[PDB]
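Note on naming: letters A, B, ... go to the chains in the order of the sequence lines (proteins, then strands), and numbering restarts at 1 for each one.
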Amino acid sequence: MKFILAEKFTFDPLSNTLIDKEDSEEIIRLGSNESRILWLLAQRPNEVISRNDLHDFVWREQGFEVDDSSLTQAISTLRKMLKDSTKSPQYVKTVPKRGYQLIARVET
DNA sequence: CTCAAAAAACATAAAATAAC
DNA sequence: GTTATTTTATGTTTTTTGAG
């Protein structure tokens, strides 16, 4: 299933692709961690998603063992791919001590 | 009963690691 | 000998703590 984010990007969590509606040729290939983060965020729009939840969805439920630092690094890479600025975000907002929150519109 | 300083939490820049 | 993923080093922001 595809998601349209902030009426700007088309995200496909199955192919792991991000496409900016300004482009006819460019397909952004998201890394696995960035895609899975964006998928869980888009399935729960505007919810504060805990770090544990993202850690579990993205790594643990698939047997992968990584430090919490991997979440924070993957968020930073994703924000870069979305051209999302850390304050003031348009896509992913940090909620300190509680996780992250997708504030972009999600249309499915 | 506040607000500075200390500690914790999060972000980005580099490096390390692993496996094509 | 190159690239994805993870981790480490350094930087920035937020929160907790407690003395005045």
Review point. Rounded to the nearest Å, what distance is computed from the CG atom of residue A/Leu82 to the P atom of nucleotide B/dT12?
Key: 12 Å
Check your understanding: In whole Å, what is the span from the NZ atom of A/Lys93 to the P atom of C/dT14?
Key -> 12 Å
Check your understanding: Using a cut-off of 4.0 Å on non-hydrogen atoms, how would the nucleic acid contact of A/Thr86 be classed: base, sugar-phosphate, or nothing?
Key -> sugar-phosphate
Exercise for review: Specify the separation, in whole Å, of atom CG of A/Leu71 and atom P of C/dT5.
Suggested key: 15 Å
Review point. Distance-only, no hydrogens or angles: does the A/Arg29 side chain make a donor-acceptor pair with backbone N or O of A/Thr17 under 3.5 Å?
Key: no
Point to revise | A/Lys87 side-chain N/O to B/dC10 phosphate OP1/OP2 under 4.0 Å | key: no
Review point. Reckon A/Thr94 touches a base, only the sugar-phosphate, or nothing at all at heavy-atom distances under 4.0 Å?
Key: sugar-phosphate
Review point. Considering only B/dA11, B/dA9, C/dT6, which nucleotide approaches the side chain of A/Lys97 most closely?
Key: B/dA9
Review point. Which whole-number value in Å describes the distance from A/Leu78 CG to C/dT6 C1'?
Key: 17 Å
Practice item. Round to a whole Å and report the spacing from CG of A/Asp68 to P of B/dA9. Key: 9 Å
Review point. Would you say A/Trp59 reaches C/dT5's phosphate, i.e. side-chain N/O to OP1/OP2 under 4.0 Å?
Key: no
Practice item. Kindly say if A/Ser69 contacts the phosphate of C/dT6, meaning a side-chain N or O under 4.0 Å from OP1 or OP2. Key: no
Practice item. Calculate the interatomic distance between A/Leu54 atom CG and B/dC10 atom P; express it in whole Å. Key: 12 Å
Check your understanding: For the base of B/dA13, is there a side-chain donor-acceptor partner from A/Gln73 under 3.5 Å away?
Key -> yes
Point to revise | Salt bridge flag under 4.0 Å for residues A/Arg36 and A/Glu34 | key: no
Exercise for review: Test A/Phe57 against A/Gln43 for side-chain contact (heavy atoms from CB on, under 4.5 Å), laying out the working first.
Suggested key: CA-CA 12 Å; A/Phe57 186 79; A/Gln43 293 186 73; 4.0 Å; yes
Exercise for review: Please tell me which of the listed nucleotides, B/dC10, C/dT7, C/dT5, lies nearest to the side chain of A/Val66?
Suggested key: C/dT7
Review point. A/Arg51 near the nucleic acid: base, sugar-phosphate alone, or nothing, with a heavy-atom cut-off under 4.0 Å?
Key: sugar-phosphate
Check your understanding: Quick one: do the A/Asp84 and A/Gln90 side chains pair a donor with an acceptor below 3.5 Å?
Key -> no
Practice item. Report yes if a side-chain nitrogen or oxygen of A/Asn33 is closer than 4.0 Å to either non-bridging phosphate oxygen (OP1 or OP2) of C/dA4; otherwise report no. Key: no
Review point. Does a side chain donor of either A/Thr72 or A/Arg51 reach within less than 3.5 Å of an acceptor in the other side chain?
Key: yes
Exercise for review: Take atom CZ of A/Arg36 and atom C1' of C/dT5, then tell me their distance rounded to the nearest Å.
Suggested key: 15 Å
Check your understanding: For B/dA9, does either OP1 or OP2 sit under 4.0 Å from a side-chain N or O belonging to A/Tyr100?
Key -> no
Point to revise | Protein-nucleotide distance (A/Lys80, atom NZ; B/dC10, atom P), rounded to Å | key: 22 Å
